[PDB]
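Student: Generate coordinates for the sequence data below:
(3 chains)
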Amino acid sequence: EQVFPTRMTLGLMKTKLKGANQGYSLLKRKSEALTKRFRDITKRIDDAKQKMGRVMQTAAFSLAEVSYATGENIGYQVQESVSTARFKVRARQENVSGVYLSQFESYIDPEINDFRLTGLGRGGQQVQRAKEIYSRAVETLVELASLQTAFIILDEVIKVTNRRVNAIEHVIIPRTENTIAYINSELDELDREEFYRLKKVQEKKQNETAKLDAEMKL
Amino acid sequence: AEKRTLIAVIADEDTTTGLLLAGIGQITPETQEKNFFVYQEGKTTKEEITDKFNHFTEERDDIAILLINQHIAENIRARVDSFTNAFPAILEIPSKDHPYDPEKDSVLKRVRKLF
Amino acid sequence: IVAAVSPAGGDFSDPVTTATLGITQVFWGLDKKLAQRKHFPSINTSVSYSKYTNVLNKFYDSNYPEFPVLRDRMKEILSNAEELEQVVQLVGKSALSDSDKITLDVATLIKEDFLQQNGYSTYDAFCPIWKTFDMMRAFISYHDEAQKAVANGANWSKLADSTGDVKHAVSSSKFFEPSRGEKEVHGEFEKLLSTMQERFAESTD
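Tutor: Numbers count the residues shown, from 1 in each chain, chains lettered A, B, ... in the order given. Next comes the structure:
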C-alpha cells in the first residue's frame, strides 16, 4: 500500500519486514523495563510526600518553641548574617536502563552555616538546638526532588517509546505486507503470459510437423 | 547542568530564617540578591510571586530546587501548573502557620492519574 | 580458471550464478553497499566461501602455523559486529557494555585498515603473505589486549585516550613497503608488538 513497485525487489521488502518486526519485538520489552521503575518510583514518591509534609511541620514547631526562649527576634539578624552555603547539591548520574538521570547528591558541608550569630548571651544555645533538625530535614527534602526529576524524565521516555511502538505496529507492518502481496501477485501475472507464449509456439510447431508428416506418407 | 547548585525559597519568614540557619543559603553581592524572596503575610501581593518564580526559573541557572509555601503557590498556582520542567525541581514546601496538605502539589497532579 | 559473472540485477537469482554456485570451489560475492561508500575492494564477507581452507593447512603449518586460528578469530569478530549492528541502529548505542564497544571499534578498525586496499599506489599494490600475517597477528593482539584491560577493570572510554598512539600505529601498519625487504619489516612489527604490550601493561595504573 505505497508507490507500488513490481520488480524482483521482493527480498528487499522481506528483509525490511524482518527488521521492523525485530524493532517492534525489542521496543515492546524496553517499554516494560522502564514501566517497572515508573511503578516503583510512583509509590516511592507518593508514600513519602505526606510523611515529609508532616515531619517538616514537626521541625518547624521544634524551632518555633525555640525562637522565643531568648525572648527576642532572630530572623532580622538571620536574613543578613547568612553569607555561606553548605547544603548545596551536585548532579549525580545513574543510567538505570541506558537512560540518563541527573540525580541530586546532598552536598552536606557541616563546617559552617552562618557566622557570628551565637554567644550574644541569651539565645546562642537555644538556636543551636533545633538547627540540626533543619539540617536533617533539608537533606531528607533533597531526595524528594531527586525522585521527582526521575519521575518526569521516565514519564517522557515511556511516552515516546510507547508512541513509537504503536506507530510501527499499526501503520508500518500492514503497509509492507500489502506491498509484498501485490508483488507476489504480479510475479504470477507475468508467469502466466510466458507460459501462454510457449504454449502457442508448441502448438504451431506440432501443427506444422503434423502437416509435414501427413504429407510425407505418400 | 552543574550550575544546578543554589536553592530557591519563597516562603514565610518563620521557615526562611530556619532554612538559612541550616546553611542552605547566602548573600550574593554580585547581584545583591538573596537565595530567596522573603514573604510577608497580608503584605505581599501575587504578581511579586510570579515575577520571582520566573526570575528563579527562567532567568537564574543557579537554582536547582525551589521551595514555595502552599499558600504562596496558591497565588501562582496557575503559573506553577502551567510551567512543568525538570530543571528547577519545583517543590511545594510545607508552610509554617498553616498545616500543610500533601495533596495540593502541582507535581502530584500528574501522579494522581494512571496509578 | 578464474571466471567472472555479471549480476543482472539480483546477484543470486540469475540462472548463471545459480548454475555456477553448484560446481565452483570459491566465491567472492559483490555487495552494493561497500561499492556505494566507495570501499575497495568491495567483496561481501557474509556471503562468500572458500572450500580450500582445509587442504591449505599442510602448507600453513610448515610455513605459518598460526594463520588459521587468527583467521577464525577475525571472522568471528567481524560476524559479531554485524550481528550487533541491527540492535545498535534500531535503539542507539547507549546501553552497550564496555567489552562490546571494544568489538565495535575493533571491527571498524579492521574494516577500515585491513580489508581496505588500493592498488593504484606503491606501498600497497601487492601485499605479500608474511606482511599480511604480521598485520593480522597485530590486530588480533590489540583486540585481546583491550579485552584484557577491561576484564581487569577499567573504563574503556578513558582507556582509549590513555592508550592512544597504539591505536594509530596499527592503522599505519599498512605502510611498511615490501621493497624494504623481508626482515626489515619483521623487526618493525616485532618492536611494534612489544611497544603495544608495554603500553597496555603500564596504562592500567
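
Student: The nearest residue in space to residue C:182 that is not next to it in sequence is in what secondary structure piece?
Tutor: Spatial nearest neighbour of residue C:182, excluding adjacent residues (C-beta to C-beta, 6 or more residues apart in numbering or on different chains): residue C:130 at 6.4 Å. Placement of C-beta: from N, CA and C, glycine included. Element membership for residue C:130, per DSSP states H and E: helix C:129-151.

Student: that older thread, check contacts around the residue nearest to residue C:182.
Tutor: By C-beta atoms under 8 Å, 6 or more residues apart in numbering or on different chains, the contact set of residue C:130 is C:64, C:182, C:185-186.

Student: chain center to the helix holding residue C:130: distance?
Tutor: Remark: helix C:129-151 is offset 10 Å from the chain centroid, using C-alpha atoms, centre = their mean, to the nearest Å.

Student: Next: stretch A:123-139.
Tutor: Computed by C-alpha atoms, centre = their mean, the chain-centroid distance of stretch A:123-139 equals 40 Å.

Student: In chain A, what residue lies closest to chain C?
Tutor: Residue of chain A nearest chain C, by C-beta to the nearest C-beta: residue A:98 (3.2 Å).

Student: now the closest residue to that residue other than its chain neighbours: how far from residue C:85?
Tutor: Once flanking residues are discounted, residue A:98 sits nearest to residue C:95: 3.2 Å by C-beta to C-beta, 6+ apart. From residue C:95 across to residue C:85, the span is 15 Å (C-beta to C-beta, to the nearest Å).

Student: what does residue C:36 give?
Tutor: Distance from residue C:36 to residue C:85, by C-beta to C-beta: 16 Å.

Student: So if I had to pick from the two, which one is more boxed in?
Tutor: residue C:85 (12 against 9; other C-beta atoms under 10 Å in any protein chain shown).

Student: what's the helix or strand for that one?
Tutor: Going by DSSP H and E, residue C:85 is part of helix C:67-91.

Student: relative orientation of that helix and helix C:129-151 in degrees?
Tutor: Angle of helix C:67-91 versus helix C:129-151, following axes from the mean of the first three to the mean of the last three C-alpha atoms, to 10 degrees, is 50 degrees.

Student: residues in contact with residue A:130?
Tutor: A:59, A:62-63, A:66, B:18.

Student: Helices along chain C, start to end?
Tutor: C:15-21, C:32-36, C:57-63, C:67-91, C:98-113, C:129-151, C:156-163, C:165-171, C:183-202 (DSSP state H).

Student: how about the strands of chain B, start to end?
Tutor: B:6-10, B:27-28, B:33-34, B:63-68, B:90-92 (DSSP state E).

Student: Identify the residues contacting the residue in chain B positioned nearest to chain A.
Tutor: Nearest residue of chain B to chain A, counting by C-beta to the nearest C-beta: residue B:23, 2.7 Å away. Residues counted as contacts of residue B:23 (C-beta under 8 Å, 6+ apart) are A:82, A:84-87, A:109, A:112-114, A:135.

Student: Tell me how many other residues surround residue B:14.
Tutor: 17.

Student: give the contact list for the nearest residue to it once chain neighbours are set aside.
Tutor: Spatial nearest neighbour of residue B:14, chain neighbours left out: residue B:96 (3.9 Å); criterion: C-beta to C-beta, 6+ apart. Neighbour list for residue B:96: A:57, A:60, A:64, B:11-12, B:14-15, B:69 [criterion: C-beta under 8 Å, 6+ apart].

Student: hey, where'd the strands end up in chain A?
Tutor: Under DSSP E, chain A gives strands at A:88-93, A:102-107.

Student: Same question for the first one: list its buried residues.
Tutor: Going by neighbour count (16 or more other C-beta atoms under 10 Å in any protein chain shown), the buried part of strand A:88-93 is A:88-89.

Student: does any part of it sit near chain C?
Tutor: No - figure legend: strand A:88-93 not in contact with chain C (C-beta under 8 Å from any C-beta of the partner chain); closest approach 12.9 Å.

Student: So that strand, near chain B or not?
Tutor: Yes - shown here: strand A:88-93 in contact with chain B (C-beta under 8 Å from any C-beta) through A:88-91.

Student: so how many other residues sit close to residue 71?
Tutor: No chain specified, so I'll use chain A. For residue A:71, using other C-beta under 10 Å, the count is 8.

Student: The intended chain is chain B.
Tutor: Quick note: residue B:71 (other C-beta under 10 Å) scores 17 neighbours.

Student: now it: how far from residue B:11?
Tutor: 10 Å.
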